[PDB]
Amino acid sequence: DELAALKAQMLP
Amino acid sequence: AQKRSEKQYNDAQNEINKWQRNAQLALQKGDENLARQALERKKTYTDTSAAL
Amino acid sequence: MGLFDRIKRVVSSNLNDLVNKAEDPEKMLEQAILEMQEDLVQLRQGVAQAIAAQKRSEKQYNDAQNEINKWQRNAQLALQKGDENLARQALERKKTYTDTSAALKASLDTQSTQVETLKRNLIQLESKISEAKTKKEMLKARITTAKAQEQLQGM
Amino acid sequence: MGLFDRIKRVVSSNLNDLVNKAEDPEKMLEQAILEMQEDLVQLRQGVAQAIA
Amino acid sequence: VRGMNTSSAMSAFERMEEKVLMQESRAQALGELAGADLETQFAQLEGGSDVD
Amino acid sequence: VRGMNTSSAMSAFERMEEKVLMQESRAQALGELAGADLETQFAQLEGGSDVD
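Residues numbered from 1 in each chain as written, not as in the entry; some residues may be left out. Chains lettered and ligands numbered in written order. Part of a larger assembly, values for the part shown. Heavy atoms only, no water. Residues with missing side-chain atoms left out of burial classes, pairs and counts.

As recorded in the PDB header, cryo-EM is the method behind this entry, and the stated resolution is 7.2 Å.

Put into structure tokens, the structure is as follows:
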């Protein structure tokens, strides 16, 4: 879940 | 003792902030592994702080 | 039959007397904290030795591969030389070494998995001691307050 | 079994007595200061030997 | 992993539980004694009224 | 040439085994420090700064 959150943050 | 506990609590908050900064840095870095370590540290500290 | 029952009762009485003397939390807690760290260090030392042993095995395995390569070069040289005897010695050496290397690799893989599990266990152990250290401070604060109350109660 | 229980009590009593007796901030630090410097000198000697 | 009596972790927990319960109970008992003395409580209330 | 139970040959082999073992032991201790995320992160930060 943390990795997914990190991935979401990364895209912008 | 209460003051020491407060100082420890303050230190924990500072430690959490430092961990958060590292997590923020990890996102900039783009390395998943760095981010994972920071998250684990934050959860245990928060629980300890609440108990204190 | 009666004597055995009596011995148990005597033991229980003896145990009760002993615990009261050492009942206070602070003396026991400090000793326990020192002991767990020492135990962890011993475990770490053992783990380090195992890791070192694996490295040594890997080095030996690497050396064996290098030795095999050297033997292969000699075998190649023997063909150029045209002497059958030189070639025969090299071939025998290669076969035994390969078997040894395979055995070492299998042992290393099993060892590596154990080390990984040990590393995970070590991390958990490290987390536990830190939690215990935090608890003593909390324990100390409540205990001090209790002592103060007793003095207040007498008045 | 009784002896083991007794040993823990003895160890705890001994440990408690020991920490109080030897806890001096100035004395411990001075000894530590001497020790680290000595260790550095030994390291320097090894470095010197390597240089030699 | 065993968490046996000989191990340090098991011993610390049992001693702590008994001490914590006993300490809390003693504090509670003192509070009860204060409650019993109604006149003392009444005096405090009177003082508060006077302060107002 | 033989590497026989001679006094000089035996000592060299034993010494050789000990140093290699010591290096491996040192590496294992070093590896644990290396494993921690913070040590690795600092090196990465330094490299980026150095390039700039």
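Read on for the rest.
Points about the overall build of chain C
Summing up its helical and strand segments, chain C has 3 helices and 0 strands in all. For chain C, the succession of helices and strands along the chain, N to C, is α-α-α. What you see for chain C is a C-alpha radius of gyration of 32 Å, clearly larger than the 15 Å of a compact globule of 155 residues, by over 25%. (Helix = DSSP H or I, 4+ residues; strand = E, 2+ residues; numbered from the N terminus. Rg over C-alpha atoms; globule rule 2.2 N^0.38 Å.)

Section: the overall build of chain B
The number of helices and strands found in chain B is 2 helices and 0 strands. The C-alpha radius of gyration computed for chain B amounts to 13 Å, which surpasses the reference 10 Å derived for 52 residues by more than 25%, pointing to a less compact arrangement than a globule. Each of the three principal axes of chain B carries a C-alpha extent, and together these read 40 × 15 × 10 Å.

Considering the arrangement of the chains
Sorting the 5 pairs of chains in contact by contact count puts chains C and F at the top. Across all C-alpha pairs, the smallest distance from chain A to chain B is 7 Å, and the two are not in contact. Where chain D comes nearest to chain F, the C-alpha atoms are still 16 Å apart, and the two do not contact one another. (Contact = heavy atoms within 4.5 Å.)

A short note on the interface of chain F and chain C
Opposite the 4 residues of chain F that make contact, chain C presents 4 residues. For the side of chain F that touches chain C, the per-class residue count stands at 1 nonpolar, 2 polar and 1 charged. (Nonpolar A, V, L, I, M, F, W, Y, C, P; charged D, E, K, R; others polar.)

A closer look at the packing of helix 2 (residues 25-81) of chain C against helix 1 (residues 7-35) of chain F
Two elements in contact, helix 2 of chain C and helix 1 of chain F, have axes whose closest approach is 8 Å; the angle formed by their N-to-C orientations is 125°. When the axes of helix 2 of chain C and helix 1 of chain F are compared, the pair comes out oblique. Crossing angle aside, the handedness with which helix 2 of chain C passes helix 1 of chain F is right-handed. In this structure, helix 2 of chain C uses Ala48(C), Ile51(C), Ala52(C) and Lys55(C) to contact helix 1 of chain F, whose residues at the interface are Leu21(F), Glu24(F), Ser25(F) and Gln28(F). A per-class count over the contact of helix 2 of chain C with helix 1 of chain F returns 4 nonpolar, 2 polar and 2 charged. (Axes fitted to C-alpha atoms, helices over the stretch in contact; angles between N-to-C directions. Parallel < 35°, antiparallel > 145°, perpendicular 65-115°, else oblique. Left-handed = near helix turned anticlockwise from the far one by under 90°.)

What to know about the environment of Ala90(C)
Residues and elements named next belong to chain C. Looking at the secondary structure, you find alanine 90 in helix 3 (residues 84-154). Separated by 12 residues in sequence, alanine 90 and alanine 78 have C-alpha atoms that sit 9.0 Å apart. Not counting residues within four places of it along the chain, the set of residues in contact with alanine 90 comprises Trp71 and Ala75.

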